[PDB]
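The structure under discussion appears below in the form of structure tokens.
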Amino acid sequence: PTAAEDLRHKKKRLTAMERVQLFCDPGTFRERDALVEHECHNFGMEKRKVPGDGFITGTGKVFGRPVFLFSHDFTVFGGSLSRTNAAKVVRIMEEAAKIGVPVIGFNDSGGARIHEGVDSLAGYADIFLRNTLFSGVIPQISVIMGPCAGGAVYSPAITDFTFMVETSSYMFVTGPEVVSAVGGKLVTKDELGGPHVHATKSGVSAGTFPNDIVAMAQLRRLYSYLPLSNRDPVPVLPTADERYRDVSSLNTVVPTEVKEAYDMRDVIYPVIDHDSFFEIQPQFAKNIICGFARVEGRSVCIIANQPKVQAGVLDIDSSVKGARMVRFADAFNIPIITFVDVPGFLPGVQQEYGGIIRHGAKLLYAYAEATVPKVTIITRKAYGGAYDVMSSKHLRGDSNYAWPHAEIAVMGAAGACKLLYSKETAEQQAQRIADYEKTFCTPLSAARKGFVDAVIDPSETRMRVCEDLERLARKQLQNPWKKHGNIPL
Amino acid sequence: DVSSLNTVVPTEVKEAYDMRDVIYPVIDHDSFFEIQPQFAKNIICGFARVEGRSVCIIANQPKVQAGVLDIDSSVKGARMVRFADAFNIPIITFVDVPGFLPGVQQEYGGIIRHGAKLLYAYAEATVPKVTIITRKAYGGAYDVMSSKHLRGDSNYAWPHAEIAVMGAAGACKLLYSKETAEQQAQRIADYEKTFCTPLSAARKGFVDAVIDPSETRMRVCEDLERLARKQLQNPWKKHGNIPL
Amino acid sequence: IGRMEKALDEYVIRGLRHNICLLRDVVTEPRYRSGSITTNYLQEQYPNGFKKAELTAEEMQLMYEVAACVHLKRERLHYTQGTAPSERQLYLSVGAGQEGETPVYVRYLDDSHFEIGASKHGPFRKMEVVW
Ligand SMILES: O=CCCCC[C@@H]1SC[C@@H]2NC(=O)N[C@@H]21
Ligand SMILES: O=CCCCC[C@@H]1SC[C@@H]2NC(=O)N[C@@H]21
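Going down the list, the protein sequences come from chains C, D and V.
Quick note on PDB author numbering: the first sequence kicks off at 34 and runs consecutively.
Quick note on PDB author numbering: the second sequence kicks off at 279 and runs consecutively.
Quick note on PDB author numbering: the third sequence kicks off at 404 and runs consecutively.
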């Protein structure tokens, strides 16, 4: 019996129920509500009632841990929401708020249902309020499998992570017809809101998958990292890997020349456990890396610069990416580990015309507000305000480390030499820049002041990180009483 | 395996059955401790274990007086619910009620006060609740016996249930004042067919799902395992004001 | 030679390419094990570029079995406490077009022992994998 799904598969596409079956465990899905009708009675809609009413909501179970989910249905009315569709979603989110369980939704709606009038707006508003209230209480993940237009786009935005499917998905606020009507330009749906556009240009989508099957397979892996609720502790899984594994290849990663580049992944991979990195937003703002990883069987958060791309310089997009990652990680009590290599901020008129001052402050706010244990490692250099922003010791950092060839200075040697000698005799470059770099572009001064705990061999990083992260397991820090902060938007 | 539940409910609507035949299969073997066994026999209350954890049982009984709510039954159920909630004990209820007991003595004795106690106890409670509607639920009795709107966790019904405002006769009378005589035969049957069935209540969203009677143990164990860590709180009060 | 064969496969090199495939193919060739060779041997046996020899049916079957065992072992790691499975039915097929769908079972009787078979109600072999 394979009835009524032949029409769907013929278009090389899967069904909502099949997606739900693929996500959860083999036999642990219990559909909650299945016999519900729209009761519209307008515009010749009194007929063609549907039992499911276009939504599939259940409970399920992943890796032995509970979950909640819902999936849109494209065959029935195009997946449009109504006064009645939104009730099921509201009930699921409320139940997942009472119990410490997350929510995952597979969006496929074609837009609002016009035949209901303003009831669709009512349902949208209720879903928006539930998302707003419960953000930071239970993790929310959203996946977009098909078209997603109109005002329905906003609820995925408030969710913590949004993923996209490559061939047959798109998302935008207004359709290309209106764009043609007002501006006069003919742009296709994919050219407007395709997965690539949101992966590279707008920065909304947190990832892209080639197929639905791969999407489910990796969504399970992502779910294996998250904590169940706000009050539950960070999960710890058994692992045969051990902190005594030898990592001596880190002694040679940093080149002896100051103008040559290297890949920061060569430093990230040895420290964490084998094959346990899940990069977030891999194709957007490549000069910074963010993602999840495990250290001795417990999930941690990774944020590191990359001198491979644009000399590892902070920017607007990198600031937004890092700020969102830090805020989410702190909201759910996940340790943060950072690797620092920054020469400063990206210079240019477009930057000031785009508001670098606002955006660069977001990362600093996220780092200063955080109360989870932090570990910082300075590999090569840290200059100016970039050193302050990237989790400096003064921002209530727990432990800070440096490598023997690091440099921590106010600015580059040339600018310091220029400002320290206004009209000093010519040729001052040769006998002053070298001396200043020798005397003050070294971690000795910063260690004398007390800004780094110790200068360590690069081969001891795994040992030190495991020791510190084990000791810091029970830190309790609290901020002054506030209704909420006022972050620079 | 519990497949004997498929046959407990008779196919006639006027025949009676023993609710213990439904209570005993779901709970673990030889683990029932009835409370007040000889008083207000139309309602059963007691303690029982489900998968090794103690729960509270409150069910109607159509054997005695057609399973009709009353003063004494209301007091008994109210006290049991209040005690069970005070100490964080899950509550499981089985529903079969045609309404309240009609009589002058009842109003002369204050049915209004006493019947409100059970409703207050059910609404105030914050422990996980599971409700199963076997055959019927009419009028305010459906509201009182842990309906889904009183912050109930999960509600289930059996395929031959009935959830209506009142009996078919009264509805037919009120819906057609002076309609042509013999209206009984071609109206009561139609109304009972169309609206005395769980399809309408399922359409509205008042029952989670319609289940086979053989899956009750599975569903109850699953729900009671999942609901182990619910945290609900009432608004701040020095204390309530229950109708004494 | 056998020693070399075995020792070639245990040389883990990551971060750059190498010619171990050529050495393996040359050693495994029956011409090399015949006893005598020549100095024009290489280009005589490699006329157009280089193309590594393929796998026989039993080798590919063994690779399938080992892949299924590894998949199950790594799957059991992620589950919490005792809520973990012990038997599945997998469908292995190499290539982008699923060439040669081979149903496989697995039982995981111990930490490093399985009961691989064709499917359910099929004879089992009880191989061993240590990884
Ligand atoms: O010496 C002249 C140019 C030096 C730029 C050094 C890098 S580029 C972006 C960032 N902003 C700075 O002031 N320094 C760094
Ligand atoms: O049809 C006439 C008498 C119906 C009574 C039905 C039962 S008796 C007690 C309870 N009160 C009602 O109104 N209905 C039920």
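Quick reminder that beta carbons are idealized off the backbone N, C-alpha and C, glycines included.
First through last residue of the beta strand (DSSP E) which encompasses residue i
i	result
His-105 of chain C	101-105
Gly-503 of chain V	502-509
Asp-374 of chain C	369-375
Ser-175 of chain C	173-177
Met-197 of chain C	194-198
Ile-389 of chain D	Unbroken run through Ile-389 of chain D is the alpha helix (DSSP H), 389-402; no beta strand (DSSP E).
Rounded C-alpha distance that separates residue i from residue j
i	j	result
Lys-455 of chain V	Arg-417 of chain V	20 Å
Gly-93 of chain C	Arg-65 of chain C	10 Å
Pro-521 of chain C	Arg-495 of chain D	54 Å
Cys-474 of chain D	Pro-315 of chain C	58 Å
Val-247 of chain C	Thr-241 of chain C	10 Å
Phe-317 of chain D	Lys-456 of chain D	45 Å
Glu-210 of chain C	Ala-119 of chain C	28 Å
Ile-389 of chain C	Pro-380 of chain C	10 Å
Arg-360 of chain C	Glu-402 of chain C	9 Å
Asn-75 of chain C	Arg-146 of chain C	12 Å
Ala-129 of chain C	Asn-433 of chain D	17 Å
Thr-233 of chain C	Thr-195 of chain C	14 Å
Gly-143 of chain C	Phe-205 of chain C	11 Å
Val-382 of chain D	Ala-463 of chain D	32 Å
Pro-228 of chain C	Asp-245 of chain C	14 Å
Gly-393 of chain D	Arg-357 of chain D	12 Å
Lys-407 of chain D	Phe-325 of chain D	15 Å
residue 544 of chain C	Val-237 of chain C	In the structure as shown, chain C starts at 34 and stops at 522, and residue 544 of chain C therefore has no counterpart that could be examined.
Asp-350 of chain D	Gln-511 of chain D	30 Å
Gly-91 of chain C	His-516 of chain V	37 Å
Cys-450 of chain D	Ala-487 of chain D	29 Å
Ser-352 of chain C	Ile-336 of chain C	11 Å
Reduced DSSP category for residue i - H, G, I as helix; E, B as strand; rest coil
i	result
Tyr-494 of chain V	strand
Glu-440 of chain C	strand
residue 222 of chain D	Since the first residue shown for chain D is 279 and the last is 522, residue 222 of chain D is missing from the structure and cannot be characterised.
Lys-454 of chain V	coil
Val-212 of chain C	helix
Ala-470 of chain V	helix
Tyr-444 of chain V	helix
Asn-140 of chain C	strand
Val-408 of chain D	strand
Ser-332 of chain D	strand
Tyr-449 of chain V	coil
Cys-57 of chain C	coil
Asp-513 of chain V	strand
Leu-347 of chain D	strand
residue 539 of chain C	Outside the shown range of chain C, which is 34 to 522, sits residue 539 of chain C, and nothing can be said about it.
Same chain only: Cβ atoms within 6 Å of residue i, ignoring 5 sequence neighbours per side
i	result
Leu-68 of chain C	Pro-84
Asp-141 of chain C	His-105, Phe-107, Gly-112, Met-178, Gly-179
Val-422 of chain C	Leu-396, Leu-397
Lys-319 of chain C	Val-342
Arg-327 of chain D	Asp-306, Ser-309
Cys-181 of chain C	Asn-140, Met-204
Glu-490 of chain V	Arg-510
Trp-436 of chain C	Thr-412, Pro-491
Residue i - containing alpha helix (DSSP H), residue span
i	result
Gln-251 of chain C	245-256
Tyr-386 of chain C	382-386
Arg-495 of chain C	494-504
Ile-489 of chain C	Segment: none, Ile-489 of chain C is in no alpha helix (DSSP H) and carries neither H nor E.
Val-304 of chain D	298-304
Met-126 of chain C	118-131
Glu-312 of chain C	Taken as a continuous stretch (DSSP letters only), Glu-312 of chain C belongs to no alpha helix (DSSP H), being part of the beta strand (DSSP E) at 310-313.
Residues of its chain near residue i, where Cβ-Cβ distance is below 7 Å and the 5 sequence neighbours each way are ignored
i	result
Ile-367 of chain D	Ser-332, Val-333, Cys-334, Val-405
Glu-504 of chain V	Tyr-494, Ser-496
residue 527 of chain C	Within the shown structure, residues of chain C are numbered from 34 to 522, placing residue 527 of chain C beyond reach of any answer.
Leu-225 of chain C	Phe-205, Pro-209
Same chain, Cβ closer than 8 Å to residue i, five either side skipped, listed in chain order
i	result
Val-375 of chain D	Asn-338, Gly-345, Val-346, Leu-347, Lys-414, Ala-415, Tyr-416, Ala-419, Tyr-420, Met-423
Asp-468 of chain C	none
Can you give, in chain order, each stretch of the alpha helix (DSSP H) that sits fully within the stretch 412-477 of chain C and has at least 4 residues? 417-422, 446-453, 461-473
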